[PDB]
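Chains as they are written, first to last, in the deposited numbering: chain A, 386 to 553, 589 to 1311, 1319 to 1351; chain B, 2 to 337.
To start, the structure itself, in structure tokens.
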RNA sequence: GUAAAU
DNA sequence: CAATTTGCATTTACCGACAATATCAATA
DNA sequence: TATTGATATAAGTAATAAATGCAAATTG
Ligand SMILES: *O[C@H]1[C@@H](O)[C@H](n2cnc3c(=O)[nH]c(N)nc32)O[C@@H]1COP(=O)(O)OP(=O)(O)OP(=O)(O)O
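Now the structure itself:
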């Protein structure tokens, strides 16, 4: 059924409201059935399939696959019951401390209580689905890696146990998950049977036989063993023939009921499925900090912004869907779709008595061909799954609940089909609600078409003139999308341009353009968002002017400026002998310098710029494989040109990086109750934490993960422990502080703007930097954007950041060396010797830290006696407070506990941020 | 004839790329007396001989002086050693070249296209009396080169298309210990298996006396190594240096399937053979239990197995109807 | 590796 | 301290990345 | 009596020392 067309045909708005209410109350049940995962339902499905196929007959079909799965479960259940009974019989007084071989000692007590809780059949279904779900994953040709399989089984059992528990605490360690998974997987290896057919090398005749469906094994890769589970080829073909995705768990799909509003981090998004506000991969510190902030109640605005982002309804486009369907039905590769590849082709076997270079080349050719074939197959499967979702959800309300990564940027829950996808997935989505085009709708729609061609740096007048100069082309391209002028496929973003051409054709055909109702979103794309935020932070003038902060009637583009600078530099340098200039002088385009310049302020080294320009030079005819010399030369020249172009941003970058370096090399006082045991060098357990204006706390996890071997029934898996703590990473914190800070400031701005737009009754959809609204409400959206950016950047954010660092890392001690000839060093030596000569220890730094903590406890408490004692108690840290120039103090030696100081803020510029209210050419 | 270098000239050099060399002519004299080169090579005058990684070249000079072969060629790419050899052996009948032995293109171009050094192809029945090769791969991380040459022995493509070419190879003591293990020892691995299958080597010289504990004590008697002090090698710091002689022998098995079986049966070494056959493929354990009738074989660990029963296991595995992609995989395991 | 953002 | 070394901007998602396992050594 | 730390595995995506691509960093 096509509910969208019925809604559009509704004459009266009251009728529309009644229809929406009826649709929601009817579709609650459909959402409930769509959201629920099928384990027990899979059980009776398999049972019914087996009982119905027992009467009809026996074949080798998908029904036969379900029958054999039912038989596998039926044979599993006695084994699981026997194992659980064996575990339960051990719960009596534990007479033997170390007898019963090693299984009883190391595994029976290890995972006894864990298996006895969940129902056996649920775990059997979980493991069967888990193994039949991840065929050919992790680099294995026809199987999965053992560690990934066992860990996934353990986590699935965790989720099932928690789902049972809430309908009636603790989260299991990684080792327990690994052991449970290994036990179940080994049992299924034992009990898996399937009939196979093959040829005999002696009889040359078919010999029917039975072999286990799953078989453990090991494979090598560059001198490293790698455990692997293998699946028989017959099961592989049956899984391939099992439609596309029928029994393999579909878990995350767009909703139909309006999403549940966010109130706390645990409750949000889907109705009956738990969700989290932050996508914490494996870190517990982020979860703890987010829970503390939510309990305090300082993230309300984030909740409102996410609710507004997830409250907008979507529909699947119809004409674009028809075009995609007609392109896909040809079974080939279009400009965008890679296509479907039929067969796998290989070069013939070379003679073994040939030079080893020939064999090596043949091996590389085979590997490359296999990788290309598999990449094409994966892309085809992804596009096919997207099209299946689009066809299934055609003509019905779609809602996209959102979350935030640890920085704060918003991403939808639906991973496969969402508005952040590629151009094909972006074309297939339009707003459910329709708005009156109005006097300004035509202009903005024409601007959108103009800037989907790449013409986004032209004045609005030039853009509308260009759009109106191609009315015949638009009409021809929209009247027959395929087998015609093919003008839409020449766009920079083809399918969005096709949809906008449809909308323009309809509005041109209409006699009265003002009353036309259009559902097409209009992309208002921010220009150099990172540079804009850097200019707003530092308060620069020239940097603000070059990034369209100041009001002007003509676009200013930094990427074009740097491209022209590079071209002039090379032309001056091309006179004598620069053959690299001969190859690349006029062939320098805005894209390469755009990428390099835009990433430069985040700390891109030479290798990153080289790789970026090499990637953006491959389709520029220079070469297909070897462009590294040209790329290196161009990176050198680009760095030489940009070294002086940005100055205010670089100071903030350097300050943030050095602050990250200082924080990541500091040890606190309180948690040092247990000595670091190295005598001299402690282990650092401090990570950069800061709070954005929206209140969301960002904790850079960036920890050095240590992996160990934990014994399992199958093998010993090499895994890490997420719950376990460990020292932070030295380089990642410094390398990621400024990118994270800039990528969180714009996310905060987007959240504020979305909240205001929702308060103003608008439809808002934001792809990170860019924001989508209707073609009519663009003016109000722009006003809201400017107002909210002004409110966000009316304060010196870096000053508040330094204040937050000072308040949080208040009593932190760094370790550093001092010159022995210094009088202060001699005083510190005298104090340490006087304190620790009678105690016995050789003035160990741990005792000094403990006594400094004691001084902090005494002299900071408001007790008069405690204050007097603190005045009568002096330590190394307490003594070293006379001079505020800690760096200038030090400028062999003995290390002491230097206090943690952060550098002075870079000088804030004299620029008025408010001026951009009239700067129309700032975000468009 | 050819002036042998001395210790002072060697110490004047700066970089040796980690390769350890011996520089006393007495040890080379006794090694050549004991080694019995002249018995296998009926006419050393007509012998055409190739040398790999010469370096110092003292052994080169001693060999040429004592035997006077038809053509003895030095293949080097290291700059300092090449300059040293060019300076010392100026105008010598010794042929100094500048090519890198690591690349197969070096041998291909030097033999086929350029025809500078053309050995004569003989039958694979007896030792090629007209061709001899010498290698000095003593680098820390250059074990892969030796192992690839060992594989090329079986495959017969690199230099063994000419027949049963004898090699006098210098290798680190640990590599020799890995490559000279006997069934039941704790140093047994696939490298030892391929060495035993393709060649019948005999250790000749070894630096560290205490290092002899690693090898099988039974075989030391008929090997009779020549012991020389650790201070004899110029790069005194580093691991000991051993010598092995390579004599390829005829084989009656298929290299690819035997290699697959030995590689997948050496991952689990200490596990009994009863439960390790499952690693070969789906259901291989049942078939191998049915086919094998020697129970002592099933009670033996893969370390205890010698190459004969490895060939046997390969033969049983060929007749198995439900064999996996042993060759149909075509060495496609992982791209990353 | 491919797509998405700066 | 001058000489040698290490990794290479951040994020999300998806597929085929995710240095890993087994056996012999040392210690609590 | 377990519990850790060490080492080989494969075998062209090498090693070495040269000369960086350039900080920014151990470290000997
Ligand atoms: O070029 C990549 C690619 O071939 C492969 N690779 C890495 N991650 C994946 C993945 O998730 N899926 C597939 N199919 N292939 C993958 O590894 C090659 C080399 O990677 P790098 O060593 O450059 O490391 P990284 O993944 O971080 O590279 P990049 O994506 O930042 O360029």
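Built from N, CA and C at the ideal position, the CB exists for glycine as well.
| Item | Value |
| --- | --- |
| Any 3 or more C-beta pairs closer than 8 angstroms across the stretch 527–535 of chain A and the stretch 454–462 of chain A | no |
| Amino acids of chain B, ordered along the chain, whose beta-carbon sits closer than 8 angstroms to that of residue 639 of chain A | 334 and 335 |
| is_contact[residue 259 of chain B, chain A] using C-beta, thresh 9 angstroms | no |
| Inter-residue Cα distance where the pair is residue 78 of chain B and residue 139 of chain B | 16 angstroms |
| DSSP-derived helix/strand/coil call for residue 465 of chain A | helix |
| Same chain, Cβ closer than 6 angstroms to residue 1248 of chain A, neighbours up to 5 away in sequence not counted | 1296 and 1323 |
| Residue 427 of chain A, buried or exposed, once every other Cβ within 10 Å from all chains shown has been counted against 16 | buried |
| Residues within the stretch 764–798 of chain A neighbouring chain B, beta-carbon criterion of under 7 angstroms | 772, 773, 774, 775, 776, 777, 783, 786, 787, 790 and 791 |
| Short Cβ contact (9 angstroms threshold) for residue 312 of chain B with residue 253 of chain B | yes |
| Three-state secondary structure (DSSP) of residue 1088 of chain A | strand |
| Chain B contacts made by the stretch 520–548 of chain A, where a contact means CB separation under 7 angstroms | 524 and 526 |
| CB-CB length for residue 898 of chain A against residue 936 of chain A, believed under 8 angstroms | With a Cβ gap of about 15 angstroms, residue 898 of chain A and residue 936 of chain A do not count as contacting. |
| Within 9 angstroms, strictly: CB atoms of residue 281 of chain B and residue 300 of chain B | no |
| Chain-ordered residues of the stretch 613–632 of chain A with a beta carbon less than 7 angstroms from chain B | 616, 618, 619, 620, 621, 622, 627, 629, 631 and 632 |
| Simplified DSSP state of residue 776 of chain A, which is helix, strand or coil | helix |
| heavy atom of ligand 1 below 8 angstroms from residue 1031 of chain A C-beta | yes |
| Residue from B:86, B:38 and B:305 with nearest C-alpha to residue 58 of chain B | B:86 |
| Run of the alpha helix (DSSP H) containing residue 257 of chain B, from where it starts to where it stops | 256–265 |
| Distance cut-off 8 angstroms: residue 602 of chain A Cβ against heavy atoms of ligand 1 | no |
| Minimum C-alpha distance to residue 911 of chain A - residue among A:869, A:392, A:925 and A:1090 | A:869 |
| Contiguous beta strand (DSSP E) assignments of at least 3 residues, all confined to the stretch 121–147 of chain B | 128–136 |
| Simplified DSSP assignment, three categories, for residue 500 of chain A | helix |
| Beta strand (DSSP E) runs wholly inside the stretch 1170–1197 of chain A, at least 3 long, in chain order | 1185–1187 and 1190–1193 |
| heavy atom of ligand 1 below 8 angstroms from residue 139 of chain B C-beta | no |
| Option in A:1148, A:1198, A:1190 and A:818 with minimal Cα separation from residue 859 of chain A | A:1198 |
| Residues from the stretch 146–179 of chain B in contact with chain A, defined by Cβ distance under 8 angstroms | 149, 153, 156, 157, 158, 159 and 162 |
| C-alpha gap between residue 835 of chain A and residue 725 of chain A, whole angstroms | 20 angstroms |
| Inter-stretch contact at 8 angstroms, needing at least 3 Cβ pairs: the stretch 1122–1137 of chain A / the stretch 1048–1063 of chain A | no |
| Neighbour list for residue 636 of chain A in chain B, Cβ cutoff strictly below 9 angstroms | 279 and 280 |
| Residue 295 of chain B classed as buried or exposed, judged by whether at least 16 other C-beta atoms fall within 10 angstroms | exposed |
| Residues sharing a beta bridge with residue 634 of chain A, DSSP | A:651 |
| Chain-order list of residues whose beta-carbon lies under 6 angstroms from that of residue 1121 of chain A (same chain, five-residue window excluded) | 703 |
| Residue 418 of chain A - containing alpha helix (DSSP H), residue span | 398–420 |
| Closer than 9 angstroms at the beta carbon, the chain B residues around residue 645 of chain A | 268 |
| Chain-ordered chain A contacts of residue 106 of chain B [CB-CB under 7 angstroms] | 777 |
| Reference residue 752 of chain A; option with closest CA among A:799, A:765, A:781 and A:772 | A:799 |
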